[PDB]
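Novice: Below is a structure I'd like to ask you about.
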Amino acid sequence: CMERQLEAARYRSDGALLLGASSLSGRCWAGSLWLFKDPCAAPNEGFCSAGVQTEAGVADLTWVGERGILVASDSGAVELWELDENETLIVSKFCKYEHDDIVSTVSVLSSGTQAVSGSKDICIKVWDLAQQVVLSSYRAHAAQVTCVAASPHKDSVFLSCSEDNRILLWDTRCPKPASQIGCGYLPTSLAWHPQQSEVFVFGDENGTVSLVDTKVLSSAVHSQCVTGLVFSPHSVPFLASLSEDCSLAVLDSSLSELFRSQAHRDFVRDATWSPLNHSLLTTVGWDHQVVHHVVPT
Amino acid sequence: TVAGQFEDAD
Amino acid sequence: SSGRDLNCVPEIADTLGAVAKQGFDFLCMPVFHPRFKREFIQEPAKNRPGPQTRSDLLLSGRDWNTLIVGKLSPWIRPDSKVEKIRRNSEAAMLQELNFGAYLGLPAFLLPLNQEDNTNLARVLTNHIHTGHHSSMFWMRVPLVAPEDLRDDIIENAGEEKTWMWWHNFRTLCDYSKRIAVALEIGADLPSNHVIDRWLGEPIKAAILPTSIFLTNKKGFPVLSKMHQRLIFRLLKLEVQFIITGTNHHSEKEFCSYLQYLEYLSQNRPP
């Protein structure tokens with residue numbers, strides 16, 4: 001049986017669906033990861049394509065290609081699992097305890113051979129997956145790192161947000177790699193516009209979503225802290241936002257609400273547009289529900 | 001145990 | 001006289017046994033899951049069914065009273081600027097403190113990371129005046145504020161402030177004897193006067209992150225010749241130590257981090 005609370009739900013180009021879940025209450029606090037060839041079948045453990053247990057909770061995960069998951073563990077570890085050739089087992093590749101606290105999130109740089117992570121130890125670290133070692137570490141923030149987002153357009157650049165009202169852009173290619181970008185209330189989630197080089201959106205704890213250019217336009221969309229943002233795969237994105245109000249809001253390019261849903265009965269924890277039909281959504285929250293929304297577009 | 005196991009670093 | 005301060009506990013029995021085998025004698029664990037945020041006002045989140053925390057039957061009553069030390073959830077911000085966040089933080093803090101008392105934890109850790117904690121003091125005093133004398137309240141506080149320790153990596157962009165934070169908190173709580181300090185040691189140390197003043201406080205525990213340990217020729221972890229003075233002066237105070245972090249010296253076992261700390265104690269000046 002799988003742990004109740006789903007933590008993340010990430011699609012892959014083929015169409016499979018990877019659900020990382022953890023049991024935040026009860027006797028055991030372990031975690032697990034599941035892979036479904038047919039997303040609709042989930043979360044029934046019997047219909048899962050593959051699955052495995054992990055020693056500690058899965059704070060956040062991310063695909064690293066056609067096979068490979070970079071899992072962030074609350075045990076202060078950054079694990080890398082790799083699926084078998086036939087995609088029947090989730091094998092482990094390496095686990096590194098290089099953080100002194102829970103790892104909030106991890107992202108994969110555009111090149112795909114490197115990754116980044118930030119922890120509640122107010123520290124960020126950049127990893128090389130092939131060398132399975134840490135290249136650089138930065139205690140730039142003065143508080144716990146809340147979110148990290150690698151640029152999908154150009155390599156070696158990423159955004160970081162912390163609980164000290166700082167939004168730092170990074171460029172490791174040059175000395176003094178960190179800058180500061182601002183407009184307020186603490187940032188809580190970040191996303192990069194996929195079809196634009198330097199336009200990115202960030203949410204604040206009050207439920208307001210703002211659109212900024214690296215070289216601001218805001219809207220009140222939620223009544224509580226935004227937990228994530230995921231741009232749509234279309235040629236004209238349809239940014240989707242979820243918050244602790246147990247609500248989903250799909251917005252236009254001008255941050256005007258276009259569709260809303262409340263099928264979840266608890267915290268919505270992740271959403272991801274399907275890569276087979278751009279109209280299908282797929283959201284998971286701690287209510288142990290996986291909901292597919294036919295967003296109008 | 002090891003000679004200098006607690007010896008001070010430079 | 002040492003603790004591990006683990007922020008992840010897959011299974012309580014396993015973690016406790018492993019920590020005991022490493023030479024420690026008490027464990028600093030989170031009573032609630034650090035990431036299990038809870039809502040207390042707005043539906044439907046307030047109706048979250050099922051258990052909210054591991055049952056207390058897992059350990060004998062004596063075990064809770066002596067070996068475990070609670071830690072407040074990291075997502076609780078009583079002094080936040082958002083009213084809903086503030087109320088959620090207050091409710092969560094009260095619930096966690098009440099659960100800690102129910103278990104009978106000898107000590108409980110609370111973090112200080114911001115210059116304003118008036119609401120936290122209010123909540124803590126409201127809790128203290130309930131009538132249970134079971135537990136103390138260690139207040140984590142660093143020597144150097146994070147804002148003064150950042151690596152100066154940003155391009156776009158006074159040491160007593162931490163003691164000012166401690167003083168304001170303890171005066172808000174009316175010098176209650178149940179409030180003690182859990183001084184946290186950073187890589188760099190402040191001037192001699194700051195530490196001398198800091199040693200005049202009721203420090204009950206000291207936190208030594210593994211990140212501050214140097215490396216000896218052989219390879220085992222070791223402290224610098226200036227940290228030794230502070231450790232000795234604390235030992236004179238008979239303060240408890242809490243080795244936190246991970247095995248930065250991966251080659252050696254975590255037990256080493258503590259064995260060295262014993263070498264100082266048995267080599268203390270006569």
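Letters A, B, ... go to the chains of the structure tokens in the order shown; residues in each chain start at 1; ligands are counted from 1 in the same order.
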Would you mind listing, as number ranges by chain, all residues of chain B that have at least one atom within 7 Å of chain C, where only C-alpha atoms are what counts?
Specialist: B: 5-9
Novice: Up to 9 Å from chain C, what residues of chain A turn up? Count only C-alpha atoms and give them as an NGL selection string.
Specialist: :A and (24-30 or 55-57 or 59 or 74-76 or 97-102 or 120 or 122 or 138-143 or 168 or 175-181 or 185 or 205-206 or 224-225 or 244-246 or 265-267 or 287)
Novice: Hey, what does DSSP flag as strand (DSSP E) within segment 209-268 of chain C? Can you give it to me as number ranges by chain?
Specialist: C: 214-215, 221-222, 240-242
Novice: When you look at residue 132 of chain C with a cut-off of 12 Å (counting only C-alpha atoms), what residues show up, excluding the ones that are within fewer than 4 positions of it in the same chain? I need them as a list in words.
Specialist: residues 97, 98, 100, 101, 102, 104, 105, 106, 126, 127, 128, 136 and 178 of chain C
Novice: Take the residues that were just selected and, keeping N, CA, C and O atoms, output them as a short mmCIF file (atom, residue, chain, number, x, y, z; two decimals), in the first residue's frame.
Specialist:
```cif
data_model
loop_
_atom_site.label_atom_id
_atom_site.label_comp_id
_atom_site.auth_asym_id
_atom_site.auth_seq_id
_atom_site.Cartn_x
_atom_site.Cartn_y
_atom_site.Cartn_z
N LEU C 97 3.03 22.52 21.69
CA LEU C 97 3.45 22.63 23.08
C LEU C 97 2.59 21.76 23.98
O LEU C 97 3.10 21.10 24.90
N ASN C 98 1.28 21.73 23.74
CA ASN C 98 0.41 20.87 24.52
C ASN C 98 0.77 19.40 24.33
O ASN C 98 0.78 18.64 25.31
N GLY C 100 3.74 18.24 23.53
CA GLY C 100 4.99 18.03 24.23
C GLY C 100 4.78 17.84 25.72
O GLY C 100 5.38 16.96 26.34
N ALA C 101 3.91 18.66 26.31
CA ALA C 101 3.58 18.48 27.72
C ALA C 101 2.91 17.13 27.96
O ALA C 101 3.22 16.45 28.94
N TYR C 102 2.00 16.73 27.07
CA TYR C 102 1.33 15.44 27.23
C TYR C 102 2.33 14.30 27.25
O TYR C 102 2.23 13.39 28.08
N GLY C 104 5.32 14.66 28.21
CA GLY C 104 6.19 14.88 29.35
C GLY C 104 7.64 15.06 28.97
O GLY C 104 8.53 14.64 29.71
N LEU C 105 7.90 15.69 27.83
CA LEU C 105 9.27 15.89 27.40
C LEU C 105 10.02 16.73 28.44
O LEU C 105 9.50 17.74 28.91
N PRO C 106 11.24 16.34 28.81
CA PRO C 106 12.01 17.18 29.75
C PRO C 106 12.33 18.55 29.20
O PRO C 106 12.40 19.50 29.99
N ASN C 126 1.20 32.29 27.71
CA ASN C 126 -0.13 31.70 27.87
C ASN C 126 -0.03 30.21 28.12
O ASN C 126 -0.78 29.66 28.93
N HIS C 127 0.89 29.54 27.43
CA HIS C 127 1.08 28.11 27.68
C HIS C 127 1.65 27.86 29.07
O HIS C 127 1.17 26.99 29.80
N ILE C 128 2.67 28.62 29.46
CA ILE C 128 3.36 28.37 30.72
C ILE C 128 2.40 28.51 31.88
O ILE C 128 2.49 27.77 32.87
N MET C 136 10.97 22.23 30.54
CA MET C 136 11.63 23.50 30.32
C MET C 136 11.40 23.94 28.87
O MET C 136 10.72 23.27 28.10
N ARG C 178 11.67 28.83 33.65
CA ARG C 178 11.48 27.74 32.72
C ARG C 178 11.96 28.07 31.32
O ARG C 178 11.84 27.23 30.42
#
```
Novice: Where in segment 3-146 of chain C does DSSP assign alpha helix (DSSP H), given as number ranges by chain?
Specialist: C: 12-21, 61-67, 83-103, 118-128
Novice: Here is a test: counting only C-alpha atoms, which residue of A:243, A:232, A:108, A:238 is nearest to residue 259 of chain A?
Specialist: A:238
Novice: Would you work out the distance separating atom CA of residue 135 of chain C from atom CA of residue 197 of chain C, expressed in Å to one decimal?
Specialist: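 So the two atoms, atom CA of residue 135 of chain C and atom CA of residue 197 of chain C, lie 26.2 Å apart.
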Novice: In Å, how far is it from atom CA of residue 21 of chain C to atom CA of residue 205 of chain C?
Specialist: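 Straight-line distance from atom CA of residue 21 of chain C to atom CA of residue 205 of chain C works out to 21.5 Å.
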Novice: By how many Å are atom CA of residue 289 of chain A and atom CA of residue 6 of chain A apart?
Specialist: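 Those two atoms sit 8.2 Å apart.
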